[PDB]
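Down below is the structure, laid out as structure tokens.
What's counted below: heavy atoms across the whole structure, side chains too, no hydrogens, waters or symmetry copies. Quick note on labels: first sequence line is chain A, next is B, and so on, each numbered from 1.
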Amino acid sequence: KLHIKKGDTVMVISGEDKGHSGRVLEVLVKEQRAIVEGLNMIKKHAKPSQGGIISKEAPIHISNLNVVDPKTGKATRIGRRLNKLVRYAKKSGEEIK
Amino acid sequence: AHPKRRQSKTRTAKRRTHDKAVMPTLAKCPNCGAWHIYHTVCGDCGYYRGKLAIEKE
Amino acid sequence: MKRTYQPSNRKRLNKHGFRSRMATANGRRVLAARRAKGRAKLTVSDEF
Amino acid sequence: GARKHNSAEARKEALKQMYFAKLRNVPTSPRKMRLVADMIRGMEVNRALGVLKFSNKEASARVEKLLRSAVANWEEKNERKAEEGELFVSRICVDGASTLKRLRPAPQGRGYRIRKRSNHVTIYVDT
RNA sequence: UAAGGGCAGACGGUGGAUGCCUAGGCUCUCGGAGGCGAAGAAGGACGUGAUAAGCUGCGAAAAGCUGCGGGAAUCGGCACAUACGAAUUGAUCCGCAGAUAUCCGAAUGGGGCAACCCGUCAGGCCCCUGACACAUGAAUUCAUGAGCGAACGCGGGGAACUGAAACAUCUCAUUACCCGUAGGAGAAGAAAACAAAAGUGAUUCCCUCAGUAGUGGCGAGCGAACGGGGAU
RNA sequence: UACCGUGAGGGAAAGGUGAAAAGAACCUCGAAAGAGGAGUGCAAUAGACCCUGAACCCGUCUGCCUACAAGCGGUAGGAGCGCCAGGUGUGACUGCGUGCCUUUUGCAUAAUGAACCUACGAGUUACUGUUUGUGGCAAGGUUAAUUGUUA
RNA sequence: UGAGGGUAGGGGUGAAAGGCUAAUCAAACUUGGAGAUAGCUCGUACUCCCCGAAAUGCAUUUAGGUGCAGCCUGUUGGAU
RNA sequence: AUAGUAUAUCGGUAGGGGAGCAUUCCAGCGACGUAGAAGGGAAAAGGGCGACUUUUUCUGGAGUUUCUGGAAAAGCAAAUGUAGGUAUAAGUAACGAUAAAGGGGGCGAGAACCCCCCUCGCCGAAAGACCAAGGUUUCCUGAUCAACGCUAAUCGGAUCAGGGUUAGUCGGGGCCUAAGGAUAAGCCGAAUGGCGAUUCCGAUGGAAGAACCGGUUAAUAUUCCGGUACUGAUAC
Ligand SMILES: [K+]
Ligand SMILES: [K+]
Ligand SMILES: [K+]
Ligand SMILES: [K+]
Ligand SMILES: [K+]
Ligand SMILES: [K+]
Ligand SMILES: [K+]
Ligand SMILES: [Mg+2]
Ligand SMILES: [Mg+2]
Ligand SMILES: [Mg+2]
Ligand SMILES: [Mg+2]
Ligand SMILES: [Mg+2]
Ligand SMILES: [Mg+2]
Ligand SMILES: [Mg+2]
Ligand SMILES: [Mg+2]
Ligand SMILES: [Mg+2]
Ligand SMILES: [Mg+2]
Ligand SMILES: [Mg+2]
Ligand SMILES: [Mg+2]
Ligand SMILES: [Mg+2]
Ligand SMILES: [Mg+2]
Ligand SMILES: [Mg+2]
Ligand SMILES: [Mg+2]
Ligand SMILES: [Mg+2]
Ligand SMILES: [Mg+2]
Ligand SMILES: [Mg+2]
Ligand SMILES: [Mg+2]
Ligand SMILES: [Mg+2]
Ligand SMILES: [Mg+2]
Ligand SMILES: [Mg+2]
Ligand SMILES: [Mg+2]
Ligand SMILES: [Mg+2]
Ligand SMILES: [Mg+2]
Ligand SMILES: [Mg+2]
Ligand SMILES: [Mg+2]
Ligand SMILES: [Mg+2]
Ligand SMILES: [Mg+2]
Ligand SMILES: [Mg+2]
Ligand SMILES: [Mg+2]
Ligand SMILES: [Mg+2]
Ligand SMILES: [Mg+2]
Ligand SMILES: [Mg+2]
Ligand SMILES: [Mg+2]
Ligand SMILES: [Mg+2]
Ligand SMILES: [Mg+2]
Ligand SMILES: [Mg+2]
Ligand SMILES: [Mg+2]
Ligand SMILES: [Mg+2]
Ligand SMILES: [Mg+2]
Ligand SMILES: [Mg+2]
Ligand SMILES: [Mg+2]
Ligand SMILES: [Mg+2]
Ligand SMILES: [Mg+2]
Ligand code: NA
Ligand code: NA
Ligand code: NA
Ligand code: NA
Ligand SMILES: [Zn+2]
């Protein structure tokens with residue numbers, strides 16, 4: 001189990017991109033990292049194979065990402081309840097996604 | 001037959017006083033203007049003593 | 001000059017091969033010591 | 001915590017006024033290379049190129065191509081083609097690089113070690 | 001003056017010390033368990049991928065096949081890149097039970113230089129190829145065994161260096177080592193026993209008795225039991 | 001394991017970029033190896049053999065001294081010169097001075113020993129006594145195996 | 001002279017040299033007893049302070065070893 | 001050291017005694033650190049005396065430490081001591097048979113050495129050709145010149161990739177037995193085991209089953225193709 005997954009909308013809580021939200025693009029389970037859309041861009045130097053510097057999202061360690069509250073816009077911790085199990089936001093109590 | 005002692009840095013460096021690379025004997029070519037060795041044919045132009053010697057294609 | 005090692009594949013297996021080791025109690029004692037050490041090469045029958 | 005950033009900023013600002021080129025890990029002995037560096041030290045670059053081109057030492061061909069690079073670095077950092085009679089070799093040094101060890105057999109079963117040495121060469125130019 | 005040299009400083013080269021760190025070791029405590037194998041083991045050979053050296057997993061059903069329980073969005077090992085796919089009709093992953101499981105190896109149809117060669121017998125295909133069976137020994141066709149593997153147990157054999165400031169009795173030592181063979185432990189065990197007119201009653205192990213009584217080229221050394229206190 | 005041995009058998013060395021590969025597009029000199037830039041990054045003198053980065057050993061530069069001078073290379077004096085207010089580098093000239101270890105009656109000894117640096121490297125523990133410093137109890141002192149409670 | 005066999009360590013083999021038995025032989029090699037024993041040689045690492053010898057006698061399968069005495073030192077009690 | 005400041009005393013090997021410093025870790029009371037810890041370079045200052053300590057500055061980029069007590073893997077200059085690194089002799093010995101080279105073209109950044117051509121020289125009962133043992137891809141071709149090649153190298157028995165070995169008769173094996181080996185029935189023997197047939201295994205030998213010449217590939221050839229033969233089974 002992980003507290004985030006693909007398609008989730010999450011807010012960064014630590015790092016240089018703290019205070020920024022975004023959608024989760026890919027989850028690297030073994031390394032415990034995920035790509036969030038529009039955050040943590042990098043300038044990769046690619047040879048033609050036309051070449052040039054290109055932009056891409058670098059993964060953020062998942063412990064710095066929290067699922068945004070359904071009702072309010074702030075990041076909250078989550079839990080699972082039988083109501084199979086399902087995620088829900090600890091700040092408001094509503095089911096998540 | 002065998003060195004009784006290792007040589008100090010000073011003794012080794014004193015011997016190497018006479019280890020010098022020899023400078024070439026250079027001259028300018030009156031035709032090309034390039035450096036060439038005195039008493040040889042200029043490899044750039046092919047000339048020697050004011051006359052063409054190696055007509056280079 | 002002639003040196004000590006003059007190879008013959010027929011002689012090698014007859015003297016040191018797997019089937020000659022297994023034919024006596026002392027040969028099987030050698031095989032047990034090499035297995036307990038974890039040797040990759042058990043006899044000359046392996047290198048072939 | 002920004003300390004090493006501030007130390008490095010000053011290091012880069014000084015490098016803008018230094019014109020030099022480097023040769024790293026040249027697979028020849030440093031002592032023989034040094035014989036060539038003593039010949040062109042403190043000498044006008046146009047005369048040194050001809051001296052290196054007609055030298056009888058084999059290490060000179062490598063050094064000749066490094067001097068050409070040093071001059072080109074000077075023009076890049078000064079934004080003009082160099083004149084004739086203007087630049088000169090203000091500094092040059094040869095340092096011993098890492099050694100490759102090898103084996104050479106000797107009589108009666110003994111073996112000796114052979115060292116295949118390397119060197120670094122750095123050249124500075126100045127007006 | 002300096003071909004050269006000396007000393008000091010500045011900046012570098014080489015080399016990989018030191019500091020910090022850990023992915024691996026070392027010594028133990030508590031609980032469990034103490035085997036695997038002819039229904040073919042331990043250990044190997046050869047194979048197995050879209051791609052594939054080597055490891056890992058697997059066995060011609062070959063990084064794997066089928067159910068049941070779990071779990072919920074990623075997955076096709078280490079391990080990338082490229083390529084094609086799987087999966088909310090629940091993939092991958094975890095627990096349990098099944099299917100498949102080439103050749104060698106106790107190796108057991110006969111041979112053999114391990115991973116190979118050659119058969120008899122019954123079936124089915126077509127010079128060949130499938131799929132069965134076929135060792136020996138101890139019991140009554142049937143049942144059993146063999147081989148491998150930590151230490152601990154019990155048996156059969158059994159050194160020397162060394163100490164005795166030499167050395168032969170003696171010591172090292174009923175040790176090292178070799179061989180046979182059990183079990184989760186084994187061996188011992190229920191008085192033809194100790195004791196001393198006072199008594200205790202199977203065996204085993206701990207603390208004492210005690211470096212004592214003895215033994216001994218009475219040298220170097222070796223060394224109890226009774227009785228008492230415990231575990232059970 | 002590699003490697004060594006016919007075989008039984010013997011038997012190594014070798015850890016660390018960065019938070020994240022963001023592992024350096026592109027230009028200049030070069031035939032290209034190598035570098036100078038640019039860019040990424042807190043940092044590239046973190047650039048792949050990459051944390052830190054010592055010694056022996058090796059260079060370049062600057063200051064002072066040195067081509068009439070002779071011994072374990074220092075030590076005690078002492079001008080001049082060069083740097084930064086009396087500190088620091090050097091050292092003309094002078095006095096004195098035969099390394100160190102070990103073994104010996106006695107070693108400059110022509111007795112032993114070492115190329116140099118970094119790292120490694122040699123009176124420890126158990127038990128039984130005895131003397132002693134310090135304590136507890138005292139005509140008495142002390143428990144051993146083991147047992148109970150708790151954790 | 002080729003191929004394949006056989007003899008194994010106080011054993012083998014030897015037209016005999018103590019020769020040869022895997023570059024090893026008046027007793028091979030490997031592992032173990034095992035860190036054998038060595039009255040012998042070499043080596044033994046921080047600091048300062050106080051005191052400070054002996055190279056003799058006796059005995060010894062003893063003579064370059066050791067036991068006792070003599071000579072040093074700590075603590076303690078006496079004066080000598 | 002004695003007396004409580006005075007008197008005396010303070011060279012030392014073997015050796016006896018006293019008092020301390022540093023190192024690693026632990027307990028307790030407490031401190032320091034990204035506004036920069038440890039380590040590394042430089043400088044200055046301290047200590048009855050010393051082992052050592054403190055401060056400043058550069059590097060460095062995450063740990064460190066006072067005091068009191070406790071426990072040790074608790075300190076190197078030398079053992080023909082060990083590992084790793086780097087020196088000296090020294091740009092010295094040497095570059096492995098005195099069969100030998102010269103020129104012109106070529107590819108190429110680069111040629112004494114590579115390719116082609118002309119000349120010269122060496123072997124020729126071999127230094128040529130075919131097998132066995134042993135090796136195991138070194139064979140051919142393209143790319144590459146870091147390492148290897150005692151020089152350089154555009155070359156190589158080097159690195160990487162691709163390719164290449166074709167049998168009714170050849171050589172083996174299938175059959176047979178020798179030395180020797182393993183056994184059966186038996187014999188011997190603390191154990192482990194030692195012996196023991198006309199049996200089996202085991203070629204270096206014996207087979208009543210039989211092929212030779214030529215040509216083609218960059219790399220195979222009694223094997224592929226051509227020609228001309230031979231030998232077993234099997235069905236009509
Ligand atoms: K068989
Ligand atoms: K350095
Ligand atoms: K003078
Ligand atoms: K001598
Ligand atoms: K012997
Ligand atoms: K520490
Ligand atoms: K080629
Ligand atoms: Mg000279
Ligand atoms: Mg070289
Ligand atoms: Mg030349
Ligand atoms: Mg040789
Ligand atoms: Mg340095
Ligand atoms: Mg380290
Ligand atoms: Mg299911
Ligand atoms: Mg004795
Ligand atoms: Mg059993
Ligand atoms: Mg019991
Ligand atoms: Mg730095
Ligand atoms: Mg570094
Ligand atoms: Mg005079
Ligand atoms: Mg003497
Ligand atoms: Mg003496
Ligand atoms: Mg003297
Ligand atoms: Mg002398
Ligand atoms: Mg001596
Ligand atoms: Mg010496
Ligand atoms: Mg000496
Ligand atoms: Mg020394
Ligand atoms: Mg030393
Ligand atoms: Mg004789
Ligand atoms: Mg011999
Ligand atoms: Mg003997
Ligand atoms: Mg012993
Ligand atoms: Mg010993
Ligand atoms: Mg005195
Ligand atoms: Mg003696
Ligand atoms: Mg005495
Ligand atoms: Mg005095
Ligand atoms: Mg004194
Ligand atoms: Mg020597
Ligand atoms: Mg000489
Ligand atoms: Mg000479
Ligand atoms: Mg030679
Ligand atoms: Mg010569
Ligand atoms: Mg030659
Ligand atoms: Mg020939
Ligand atoms: Mg070839
Ligand atoms: Mg070369
Ligand atoms: Mg090739
Ligand atoms: Mg035939
Ligand atoms: Mg037969
Ligand atoms: Mg051919
Ligand atoms: Mg033919
Ligand atoms: Na000078
Ligand atoms: Na099958
Ligand atoms: Na700082
Ligand atoms: Na040290
Ligand atoms: Zn010219």
Exercise. Which sits closer to the 5' end of RNA chain H, B:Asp19 or D:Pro105, going by the nucleotide each is nearest to?
Worked result: B:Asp19
Seminar exercise, completed: From the list D:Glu58, D:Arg117, D:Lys116, side chain to side chain contact (heavy atoms under 4.5 Å, CB included) with D:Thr28 holds only for D:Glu58
For this session: In plain terms, say whether D:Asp38 and D:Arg41 are close enough for a salt bridge, that is, a side-chain N and a carboxylate O under 4.0 Å apart.
Result: yes
Exercise. Among the nucleotides F:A44, G:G5, E:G5, which one has an atom lying closest to any side-chain atom of D:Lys12?
Worked result: F:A44
Exercise. Any donor-acceptor pair under 3.5 Å between the side chain of D:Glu76 and the base of F:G37?
Worked result: no
Exercise. If you take atom types as modelled and just measure distance, does the side chain of D:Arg3 reach the base of H:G61 with a donor-acceptor pair under 3.5 Å?
Worked result: yes
For this session: For the side chain of C:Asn9, starting at C-beta, report the closest nucleotide among H:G134, F:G36, G:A23.
Result: H:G134
Problem set entry | Closest nucleotide among H:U88, E:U74, F:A35 to the A:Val29 side chain | E:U74
For this session: Evaluate the base stacking between E:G219 and its strand neighbour E:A220 against centres under 5.5 Å and planes under 30°, returning yes or no.
Result: yes
For this session: Under 4.0 Å from any atom of RNA chain H, heavy atoms only: list the residues of residues 111-127 of chain D that qualify, in numerical order.
Result: D:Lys116, D:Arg117
Problem set entry | Aromatic ring pairing D:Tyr124/D:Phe20, orientation class (parallel under 30°, perpendicular over 60°, tilted between) | tilted
Exercise. What nucleic acid atoms does D:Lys65 come within less than 4.0 Å of, heavy atoms only: base, sugar-phosphate, or nothing?
Worked result: base
Problem set entry | Base-pairing mate for G:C40 - Watson-Crick or G-U, with both contacts under 3.5 Å | none
Exercise. Do the side chain of C:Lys37 and the base of F:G11 come within less than 3.5 angstrom through a donor-acceptor pair of N or O atoms?
Worked result: yes
Seminar exercise, completed: Testing E:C179, H:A89, F:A25 for proximity to the side chain of B:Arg16, the answer is H:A89
Exercise. If each of D:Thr99 and A:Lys1 is mapped to the nucleotide of RNA chain E with the nearest heavy atom, which maps nearer the 5' terminus, i.e. the 5' end?
Worked result: D:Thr99
Problem set entry | P-based separation of H:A62 from F:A20 [nearest Å] | 12 Å
For this session: Could you tell me whether the side chain of D:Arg24 has a donor or acceptor atom within less than 3.5 Å of a complementary atom in the base of F:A33?
Result: no
Give me the distances for all protein-to-nucleotides 200-203 of chain H N/O pairs that come in under 3.5 Å?
residue, atom, partner, partner atom, Å
H:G202, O3', C:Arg10, NH2, 3.3
H:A203, OP1, C:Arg10, NH2, 3.1

Exercise. Pick the nucleotide of RNA chain H nearest each of D:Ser29 and B:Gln7; which residue has the one closer to the 5' end?
Worked result: B:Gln7
For this session: Please state the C1' separation for the pair G:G65 and F:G97 - nearest whole angstrom.
Result: 45 Å
For this session: Could you work out which one of F:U28, F:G37, G:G4 sits closest to the side chain of D:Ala72?
Result: F:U28
Exercise. What is the distance from atom NZ of D:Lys4 to atom CZ of D:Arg11, rounded to the nearest 0.5 Å?
Worked result: 9.5 Å
Exercise. Should the pair A:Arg87-A:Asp8 be classified as a salt bridge under the 4.0 Å nitrogen-to-oxygen rule?
Worked result: yes
Problem set entry | Given H:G91, E:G12, F:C26, the nucleotide with the shortest approach to the side chain of A:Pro48 | F:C26
For this session: Can you tell me which stems RNA chain F forms, taking runs of 3 or more consecutive Watson-Crick or G-U pairs with both distances under 3.5 Å?
Result: E:4-13 with F:57-66, F:26-29 with F:34-37, F:74-77 with F:93-96, F:81-84 with F:86-89, F:115-120 with H:81-86
Exercise. Which part of the nucleic acid, if any, lies within reach of D:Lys101 when heavy atoms closer than 4.0 Å are counted: base, sugar-phosphate only, or nothing?
Worked result: sugar-phosphate
Exercise. For G:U66, what is the paired nucleotide under Watson-Crick or G-U wobble rules, both distances under 3.5 Å?
Worked result: G:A59
Exercise. Base, sugar-phosphate alone, or nothing: which one does C:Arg21 contact when heavy atoms must sit under 4.0 Å apart?
Worked result: sugar-phosphate
For this session: Please determine, for E:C75, whether a Watson-Crick or G-U wobble partner exists with both distances under 3.5 Å, and give it or none.
Result: E:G85
For this session: Answer yes or no: side-chain N or O of C:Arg39 and base N or O of F:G10 forming a donor-acceptor pair under 3.5 Å.
Result: yes
Exercise. Under 3.5 Å, side chain of D:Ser7 to main-chain N/O of D:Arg3, donor-acceptor pair present?
Worked result: yes
Exercise. Salt-bridged, C:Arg12 to C:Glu47, with N to O below 4.0 Å?
Worked result: yes
For this session: State which of E:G4, H:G96, H:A89 makes the closest approach to the side chain of D:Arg104.
Result: H:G96
